[PDB]
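See below for the structure under consideration.
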Amino acid sequence: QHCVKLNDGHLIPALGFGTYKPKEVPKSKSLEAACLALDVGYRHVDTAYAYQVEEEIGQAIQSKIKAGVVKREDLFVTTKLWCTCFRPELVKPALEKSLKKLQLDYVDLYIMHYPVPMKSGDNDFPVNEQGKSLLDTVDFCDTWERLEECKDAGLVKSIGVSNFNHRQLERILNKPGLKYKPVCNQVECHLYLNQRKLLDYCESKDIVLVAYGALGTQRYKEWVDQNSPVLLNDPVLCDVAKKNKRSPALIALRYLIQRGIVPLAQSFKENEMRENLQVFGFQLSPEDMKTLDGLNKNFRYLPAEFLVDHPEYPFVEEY
Ligand SMILES: NC(=O)c1ccc[n+]([C@@H]2O[C@H](COP(=O)([O-])OP(=O)(O)OC[C@H]3O[C@@H](n4cnc5c(N)ncnc54)[C@H](O)[C@@H]3O)[C@@H](O)[C@H]2O)c1
Numbered sequence: 005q006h007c008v009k010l011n012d013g014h015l016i017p018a019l020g021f022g023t024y025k026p027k028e029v030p031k032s033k034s035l036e037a038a039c040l041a042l043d044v045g046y047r048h049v050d051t052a053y054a055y056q057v058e059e060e061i062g063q064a065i066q067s068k069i070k071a072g073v074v075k076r077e078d079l080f081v082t083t084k085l086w087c088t089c090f091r092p093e094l095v096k097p098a099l100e101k102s103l104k105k106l107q108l109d110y111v112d113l114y115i116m117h118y119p120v121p122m123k124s125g126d127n128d129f130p131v132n133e134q135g136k137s138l139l140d141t142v143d144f145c146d147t148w149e150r151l152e153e154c155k156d157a158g159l160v161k162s163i164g165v166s167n168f169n170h171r172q173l174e175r176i177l178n179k180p181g182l183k184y185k186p187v188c189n190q191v192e193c194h195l196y197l198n199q200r201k202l203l204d205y206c207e208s209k210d211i212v213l214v215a216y217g218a219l220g221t222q223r224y225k226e227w228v229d230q231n232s233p234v235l236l237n238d239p240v241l242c243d244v245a246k247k248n249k250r251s252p253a254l255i256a257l258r259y260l261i262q263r264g265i266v267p268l269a270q271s272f273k274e275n276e277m278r279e280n281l282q283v284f285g286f287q288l289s290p291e292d293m294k295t296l297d298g299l300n301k302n303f304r305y306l307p308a309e310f311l312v313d314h315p316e317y318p319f320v321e322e323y
């Protein structure tokens, strides 16, 4: 398996399958796609409490284990603690809920989805009558301490974070009494937001950057501005793709791979799922990597504007 070593010694497959379910996409479609992904050969599956599909991911995994397609030990399952569950007393029960949905005894990786907490409750996106998000005040170091307890309980193999900036990572890392460092920071990262400064920081601290939106996202309009540029139609990308005899998607993934990043790739289409697994079969030259570095625009498809009115909103800082 093409894997990257985490700072706790665990191995993460270097390409993961994404499972965000758009608002209009039925759960049955998420289930089918996850089943197919396992047949196609994906081993790393990335999901989240807030995606509403852990049950479907759990069904896909157990049905494919029962059929002999895969064994649990062959899979790397990530899920994410949602903002409404950051209060320390809610963390382990939220993980236990997710494990039940997933039909798993443990997950391979459990991460804080953002550094910003939200009002606790069943609603994942609590708002007032004006539609303003109801946020909360909870030190992410206090949430982190409970993730450490989850790991010590054997409910999760590795723990990490998502959508943290370098100051926020520093706060965890420099906290007196810290037990375990985050193994990863999962962030938006792609040719238009190449994260070079955050990447260099993470490398210096032995933290792996896991890239979502690696292909420019599925462009689900609940979260992604419809006027955003279409990464896979970029002219420089398409020229590099033609020169290398690979698809634009494969170039965009390989770019990240060669920088030590673990990209996620989502598709519902079988041949796209199949093609993305080809990313370990070719290499990009230093000249083409230089060309691809030139595409950075500091452009975020997923700015999480619903979290903006909070001092831990992560994306104001330079990196
Ligand atoms: N941690 C976070 O805050 C966070 C937030 C959002 C999503 N995610 C995760 O990131 C995953 C990836 O993000 P995403 O789902 O938005 O999409 P993505 O960037 O992987 O984009 C998927 C799009 O790429 C296209 N595509 C895929 N393979 C292709 C191929 N070989 N050729 C041509 N086109 C191809 C498809 O059209 C698809 O709609 C999610 O599914 C989810 O698991 C994480």
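Counting from 1 along the sequence shown, just add 4 to a position and that's the residue number in PDB author numbering. Using N, Cα and C, we set each Cβ at its ideal position, and we do this for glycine too.
To the nearest angstrom, how far is it from the Cα of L79 to the Cα of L113?
11 Å
DSSP-derived helix/strand/coil call for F90:
coil
Contacts around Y305, its chain only, beta-carbon distance under 7 Å, and the 5 residues preceding and following it disregarded
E192, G217, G220, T221, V228 and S232
First through last residue of the beta strand (DSSP E) which encompasses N189
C188 to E192
From the DSSP output, which residues share a beta bridge with residue 2?
The requested residue 2 does not occur in the structure, where the chain is confined to residues 5 to 323.
Taking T147 as part of the alpha helix (DSSP H), name the residues at either end of that continuous run.
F144 to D156
So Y24 is in the beta strand (DSSP E); what residue range does that whole segment cover?
Run containing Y24: none; DSSP gives neither H nor E here.
Taking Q270 as the reference, give the member of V111, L159, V73 and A37 with the closest Cα.
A37
For a quick check, are the C-beta atoms of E60 and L35 less than 7 Å apart?
yes
Taking the alpha-carbon positions, what's the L202 to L138 distance?
29 Å
State the CB to CB distance for the pair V160 and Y196, rounded to an integer number of angstroms; the pair is presumed to be in contact (CB under 8 Å).
Wrong, their Cβ atoms sit about 32 Å apart, outside the cutoff.
Shortest alpha-carbon distance to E322 belongs to which of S67, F310, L108 and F303?
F303
Separation of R76 from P17, as counted between CA atoms
14 Å
Own chain partners of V131 with C-beta closer than 7 Å, once the 5 adjacent residues on each side are dropped
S137 and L138
Quick one: which unbroken alpha helix (DSSP H) runs of 4-plus residues sit fully inside the stretch 58-102? Chain order, please.
58-70
Proximity test, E276 beta-carbon vs ligand 1 heavy atom, cut-off 6 Å
yes
Using alpha carbons as the reference points, say which of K155, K123, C206 and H117 lies closest to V266.
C206
Best match in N198, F319, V244 and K183 for proximity to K155 [C-alpha to C-alpha]:
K183
Exposed or buried, which one is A41 when buried takes at least 16 other CB atoms within 10 Å?
buried
According to DSSP, which residues form a beta bridge with residue 325?
Nothing about residue 325 can be read from this structure; the chain reaches only from 5 to 323.
Does ligand 1 have a heavy atom nearer than 6 Å to the CB of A41?
no
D126 (DSSP reduced to helix, strand or coil):
coil
Is the beta carbon of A37 within less than 6 Å of some heavy atom of ligand 1?
no
From the DSSP output, read off the bridge partner residues of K9.
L15
Could you check the C-alpha separation between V214 and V57 for me, to the nearest Å?
20 Å
Rounded to the nearest angstrom, how far is the Cβ of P92 from that of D12, given a contact under 8 Å?
The pair is not a contact, with the Cβ atoms about 22 Å apart (cut-off 8 Å).
Identify whether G285 lies in helix, strand or coil by the three-state DSSP scheme.
helix
Does the separation of the CB atoms of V187 and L10 fall below 7 Å?
yes
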